[PDB]
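Engineer: Let me see the structure of the following:
(chains A, B, C, D, E, F and G)
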Amino acid sequence: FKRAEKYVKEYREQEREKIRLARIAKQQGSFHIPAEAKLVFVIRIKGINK
Amino acid sequence: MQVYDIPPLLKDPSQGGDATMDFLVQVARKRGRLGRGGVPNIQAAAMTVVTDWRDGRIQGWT
Amino acid sequence: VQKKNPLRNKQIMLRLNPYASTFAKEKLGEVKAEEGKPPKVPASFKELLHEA
Amino acid sequence: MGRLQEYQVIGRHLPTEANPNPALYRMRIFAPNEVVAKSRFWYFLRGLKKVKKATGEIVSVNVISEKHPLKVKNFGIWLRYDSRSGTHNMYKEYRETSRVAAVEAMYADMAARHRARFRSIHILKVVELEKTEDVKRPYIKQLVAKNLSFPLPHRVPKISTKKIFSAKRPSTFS
Amino acid sequence: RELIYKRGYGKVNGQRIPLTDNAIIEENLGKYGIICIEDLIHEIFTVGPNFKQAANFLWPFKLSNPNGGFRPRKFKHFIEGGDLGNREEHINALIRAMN
Amino acid sequence: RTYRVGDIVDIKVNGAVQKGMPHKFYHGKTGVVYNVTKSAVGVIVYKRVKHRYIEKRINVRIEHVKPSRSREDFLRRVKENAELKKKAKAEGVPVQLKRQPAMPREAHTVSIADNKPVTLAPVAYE
RNA sequence: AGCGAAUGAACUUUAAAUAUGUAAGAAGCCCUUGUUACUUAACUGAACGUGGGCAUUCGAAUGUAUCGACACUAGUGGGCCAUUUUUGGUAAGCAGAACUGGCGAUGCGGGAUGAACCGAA
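Structural biologist: Numbering: from 1, shown residues only, chains lettered A, B, ... in the order given. Next comes the structure:
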């Protein structure tokens, strides 16, 4: 229970942190380049022929 | 907790005895002191904590 | 004997994630954003969008 | 090509010790979404200069909303499409309320009259005609003509396709 | 969260066991400090030291056909109107359709 | 150049010498020496057939066999890892010994000032 | 790309795409010390013996329904089509190699219909 509380807090902190950094760069007249994604979901959708 | 993140421990039966083991596991997970198959290196985590305490990375007084 | 999706069986949601009850109770899914008057957009920024 | 969006995309070469702080190139791309916008951006950069996707990063992508969506206005678009013979330049005029709508009508007209595809059309420039008399095309200047008032003869009324049988014969005076 | 909750199956001794209990989660991933499905979700979402173990334990998700269907011709790249390739954040809507 | 029996050598096949030339499938390959003769060298090299591999034995001579430059990385890695582990154990600090796959880049900021972005056209006119 | 770097595909600081060879520890490394029937001016090499370190990141990622050996036991050892690359030739046909894929032992939806098409077993 307590650890899940902490995890939810961390998720919200990360989201508002990214938003805040973007706004700070916008106000300072620069562009903050988002960090590249580290996880991808891959779904095979084509059958194995040819 | 603030210094090493360390999400809340399971103190387990009694207090102070196996909480050290949980603390070492969490510190090894955070730092990156993992073993061969991912098992945390409790010895490495403990020695890192000892070195940090010696170097004054943690606060404390009597 | 019968797998139940927690999103439909909230009871399984309670079993697997004890934090769900307090999450729903305190409404963390619609948290208000922090207040404060937003700074205005730079005129240089606007000109950069409307450059060409 | 679909409900388009105008994207201001700024990209740059990856930083190097020999050459830090590149020139931060910019373009305007009409694409259905951001991924297509970035793909178009990298295509144009590799077609023009040596900078490629592997050696560059997109530092900014933004939407350029039309300034006055509620104003009908005149657009002139300079285009360079590629046909079987070769590259041919054209300048076409359109009447819409937004740049994205002008580009969509542009693509529709190009496909309809010259069989030009998205891969074959290069959008060189689009401009709002600031003042009248910059219209050169009759099919826009006729709408620009003063005091336009016309009827709509032979209006086929909308009868539901599921009403197979009609007791009275339709009239086409509405 | 939806993929782990709705279609969560773990590899337990080579057996596709549905992840219906935090006790099962702890028994399979206790050595890495993962003791709950929320811990597994955090590991996957914010990839950590034991993401290899977490992903290997997680059985390949068997997704259903998307509700509403694919695009008219799905066997092109995304940038050219198809469905193949890297769709970045639209994979979320794709998972909504399939799951 | 000199070659012992058992070392890794590359096959390049220069066009100057026509005597005992290996095949174009063998041009630019890598193998291990198993015979050394007066002028030619016996090499065991794998060749690919459908699903399996079959090791063929070919005689390629000194003008076109050259020593391989492959295992030097393995030797350098083992020496560097041994030395780095020595400093690690001596100084009581942990050092990362494996190779990482060059993870994706992190976030950063770039300043428009002194760097006004230049707008470009689909084709350059000038 | 540059040649506001030198020189001039045969120019190059750099460096593609693209497939294609070899290696990524504990059965592994290094050197030390000796013998030898071999070798070299000579532990110079080769093998045989010593020594050390590092087993809770033993030295990339992913995959893990296991792998290695010996012994024994049947049936098989035809080709056709196409992609790409490649060589030669004609007026046009075409002919020859290599890879991969499909049919050969394969049912099912679609192309009105079908050995060589699309999807999918």
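
Engineer: residue contacts, the nearest residue to residue F:104 once chain neighbours are set aside?
Structural biologist: Once its chain neighbours are removed from consideration, residue F:104 has its nearest residue in residue A:36; the separation is 3.9 Å (CB to CB, 6 or more residues apart in numbering or on different chains). C-betas here are computed from N, CA, C, even on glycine. By CB atoms under 8 Å, 6 or more residues apart in numbering or on different chains, the residues touching residue A:36 are F:104, F:105, F:106.

Engineer: Give me the phi and psi for residue A:36.
Structural biologist: Dihedral angles phi and psi of residue A:36 (degrees, to the nearest 10) take the values phi -70, psi 150.

Engineer: ok, it to residue D:126 distance?
Structural biologist: Residue A:36 is 32 Å from residue D:126, where distance means CB to CB, to the nearest Å.

Engineer: what residues does stretch A:8-22 touch?
Structural biologist: Contacts of stretch A:8-22 from elsewhere in the structure, counted by CB under 8 Å, 6+ apart, are A:32, A:34, C:19, C:23, C:28, C:31, C:34, E:42, E:46, F:107.

Engineer: so where do the helices sit in chain A?
Structural biologist: A:2-27 (DSSP state H).

Engineer: So out of everything in it, what residue is nearest chain C?
Structural biologist: Residue nearest to chain C within chain A: residue A:4 (3.9 Å; CB to the nearest CB).

Engineer: Can you get me a residue count around the closest residue to that residue other than its chain neighbours?
Structural biologist: With CB to CB, 6+ apart as the measure, residue C:19 is the residue that lies nearest to residue A:4, at 3.9 Å, once sequence neighbours are left out. Residues near residue C:19, counting by other CB atoms under 10 Å in any protein chain shown, number 20.

Engineer: was I right about residue C:19 contacting residue A:5?
Structural biologist: Yes. Using CB atoms under 8 Å, residue C:19 and residue A:5 qualify as a contacting pair, with a distance of 6.0 Å.

Engineer: coming back round to it: would you point out the most distant pair within the contacts of stretch A:8-22?
Structural biologist: Between all members of the contacts of stretch A:8-22, the longest pairwise span (CB to CB) is found for A:32 and C:19 and amounts to 31.8 Å.

Engineer: Relative to chain F, which residue of chain E is the closest?
Structural biologist: Counting by CB to the nearest CB, chain E gets nearest to chain F through residue E:47 (9.7 Å).

Engineer: mind checking how far that residue is from residue A:35?
Structural biologist: 12 Å.

Engineer: In strands, which of the contacts of residue A:36 fall?
Structural biologist: When these are checked against strands (DSSP state E), there are no matches.

Engineer: Secondary structure element holding the residue of chain D found nearest chain A?
Structural biologist: Nearest residue of chain D to chain A (CB to the nearest CB) works out as residue D:60 at 4.4 Å. Following DSSP states H and E, the helix or strand that holds residue D:60 is strand D:56-63.

Engineer: What sits closest to the residue nearest the centre of chain F if chain neighbours are left out?
Structural biologist: Ranked by distance to the mean C-alpha position of chain F (CA atoms, centre = their mean), the top residue is residue F:70 at 5.0 Å. Excluding the flanking residues, the one nearest residue F:70 by CB to CB, 6+ apart is residue F:8, at 6.1 Å.

Engineer: Next, the one you found: phi, psi?
Structural biologist: Residue F:8 adopts backbone torsions of phi -90, psi 130, taken as degrees, to the nearest 10.

Engineer: Same check on residue F:33?
Structural biologist: phi -80, psi 130.

Engineer: now swap in residue D:125 and tell me
Structural biologist: Dihedral pair for residue D:125: phi -160, psi 150, per degrees, to the nearest 10.

Engineer: what's near enough to touch it?
Structural biologist: For residue D:125, the contacting residues are D:77, D:78, F:121, taking CB under 8 Å, 6+ apart as the criterion.

Engineer: Just the buried subset of these, please.
Structural biologist: Buried positions within those, assessed by neighbour count (16 or more other CB atoms under 10 Å in any protein chain shown), are D:77, F:121.

Engineer: Which one of the contacts of residue D:125 is nearest to chain C?
Structural biologist: Top of the list for closeness to chain C, among those and by CB to the nearest CB, is residue F:121 at 9.0 Å.

Engineer: Would you confirm that that closest one belongs to a helix?
Structural biologist: No. Assessed by DSSP: H, G, I helix; E, B strand; the rest coil, residue F:121 does not belong to a helix; its assignment is coil.

Engineer: how far out from the middle of the chain is the helix or strand that contains residue E:39?
Structural biologist: Take DSSP H and E as the rule and residue E:39 turns out to sit in helix E:37-45. Between the mean C-alpha location of helix E:37-45 and the chain-wide mean there is a distance of 11 Å, by CA atoms, centre = their mean, to the nearest Å.

Engineer: how about the helix or strand following that helix: buried residues?
Structural biologist: Read in the C-terminal direction, the helix or strand following helix E:37-45 is helix E:51-57, with elements assigned using DSSP H and E. By 16+ other CB under 10 Å, the buried positions in helix E:51-57 come out as E:51, E:53, E:54, E:57.

Engineer: Now do helix E:51-57: which elements does it pack against?
Structural biologist: Counting contacts by 3 or more CB pairs under 8 Å, 6 or more residues apart in numbering or on different chains; DSSP states H and E, helix E:51-57 packs against strand E:9-12, helix E:22-29, helix E:37-45.

Engineer: The ones you listed: which one's closest to residue F:93?
Structural biologist: Of all the helices and strands packed on helix E:51-57, it is helix E:37-45 that lies closest to residue F:93, at 27.1 Å by CB to CB.

Engineer: what about that closest one and chain F, touching?
Structural biologist: No. No part of helix E:37-45 sits close enough to chain F to count as contact by CB under 8 Å from any CB of the partner chain; the gap is at least 15.9 Å.

Engineer: Excluding chain neighbours, give the residue nearest to the residue in chain E positioned nearest to RNA strand G in space.
Structural biologist: Residue of chain E nearest RNA strand G, by CB to the nearest atom of the strand: residue E:52 (3.2 Å). Sequence neighbours aside, residue B:38 is the residue nearest to residue E:52 in space, at 7.3 Å (criterion: CB to CB, 6+ apart).
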